[PDB]
Amino acid sequence: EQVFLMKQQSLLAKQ
Amino acid sequence: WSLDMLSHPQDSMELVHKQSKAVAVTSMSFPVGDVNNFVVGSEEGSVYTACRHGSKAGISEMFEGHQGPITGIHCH
Amino acid sequence: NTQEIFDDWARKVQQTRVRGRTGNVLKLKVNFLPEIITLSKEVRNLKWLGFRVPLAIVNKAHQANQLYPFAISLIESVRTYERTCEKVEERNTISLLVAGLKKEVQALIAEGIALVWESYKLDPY
Amino acid sequence: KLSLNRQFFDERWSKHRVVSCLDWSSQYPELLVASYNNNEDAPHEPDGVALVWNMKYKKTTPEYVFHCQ
């Protein structure tokens, strides 16, 4: 559903 | 590669001389009449004679008359 | 005789990831550094004059020799993902038709991001 | 004599882009192609744009524009 903020969630503390 | 399909190369061969280093090409060319004797301009001159099919495929021999990388080359 | 630049080479070597941005666009990032081109330049320098570049530098080049095309493909995936995420950011009705596909693709993207210095599962990711 | 023809200079897709290797019309009649080097005139925009023109049609704008990533 989200455009790009899903990657903002899977890159903040993902590594 | 093939002209239409470009998701897998048909005849992908290496351009390496006796050294194991990947010879970075620089403005190579193809011979006239499609005799597959393509001449590779290395990272600094080194005119390479090469073929594409049979055991002659790949790097055959080098020769120089210069040191810097080859800029232009064709046939007629 | 720019031998000091050749000394600078040794000094330069003697010197997936993730980082922030400006427009709150957490782009996909590669764990490596843009040094593969410099390693190729080192190879050119070696065949060019026969420098006695440190063996540690040559071995770092060999270390990157087994994982650099993977990194170049990663950089291409990053840039093409940017190329199309901007297109998705353009309109708003795109989500209504791409939502499930977006979730399934982004989950695998995060799984690909999960690689951190691991040549074993680096390639399938 | 040097019968200097025209010059395909149209910045719509040739804006500060360095020309990479050229290619004559090996299939077309005098409709060449020019590969382009990395140009950072815009970050997300394509670096090099393969443009083809037409000598047989006597123009300046790129006939066929191709910009990959």
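FYI the Cβ positions are ideal-geometry reconstructions off the backbone, even for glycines, and counts take in every protein chain you see. Only the coordinates and a few stated rules stand behind these numbers; no lab work does.
Here is how the numbers come out for the structure above:
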read-out	value
Output for the range D:34-54, where each listed residue is over 14 Å from D:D10 (Cα atoms) and of a type outside the set (S, T, Y)	D:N37, D:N38, D:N39, D:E40, D:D41, D:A42, D:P43, D:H44, D:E45, D:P46, D:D47, D:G48
Set D:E40, D:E63: member being charged (D, E, K, R) and within 14 Å of chain C (Cβ to nearest Cβ)	D:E40
Residues satisfying the stated conditions in the range C:60-73, i.e. more than 14 Å from chain B (Cβ to nearest Cβ) and under 21 Å from C:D7 (Cα atoms)	C:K60
Test result for B:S20, of a type outside the set (K, R), more than 29 Å from C:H62 (Cα to Cα) and out of contact with any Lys or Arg (no Cβ under 8 Å at 6 or more places or on another chain)	no
Residue in the range B:51-68 that is within 14 Å of another protein chain (Cβ to nearest Cβ), among the small types (G, A, S), under 21 Å from D:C21 (Cα atoms) and loosely packed, with under 14 Cβ neighbours inside 10 Å present	yes
For D:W13: the one exception among (1) under 26 Å from B:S29 (Cβ atoms); (2) in a loop (DSSP other than H, G, I, E, B)	(1)
Condition met for C:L49 (closer than 26 Å to B:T26 by Cα and at the interface with another protein chain (Cβ under 10 Å from one of its Cβ atoms))	yes
Residues satisfying the stated conditions in the range C:15-35, i.e. loosely packed, with under 10 Cβ neighbours inside 10 Å and either more than 13 Å from chain A (Cβ to nearest Cβ) or part of a helix (DSSP H, G or I) (or both)	C:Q15, C:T22, C:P34
Qualifying residue in the range B:5-12 (condition: surrounded by 11 or more Cβ atoms within 10 Å (Cβ to Cβ), part of a loop (DSSP other than H, G, I, E, B) and out of contact with any strand residue (DSSP E or B) (no Cβ under 6 Å at 6 or more places or on another chain))	no
Among the residues listed as C:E111, C:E76, C:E4, C:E42, the single one being within 14 Å of chain A (Cβ to nearest Cβ) and either part of a helix (DSSP H, G or I) or in contact with a strand residue (DSSP E or B) (Cβ under 6 Å, 6 or more places away or on another chain) (or both)	C:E111
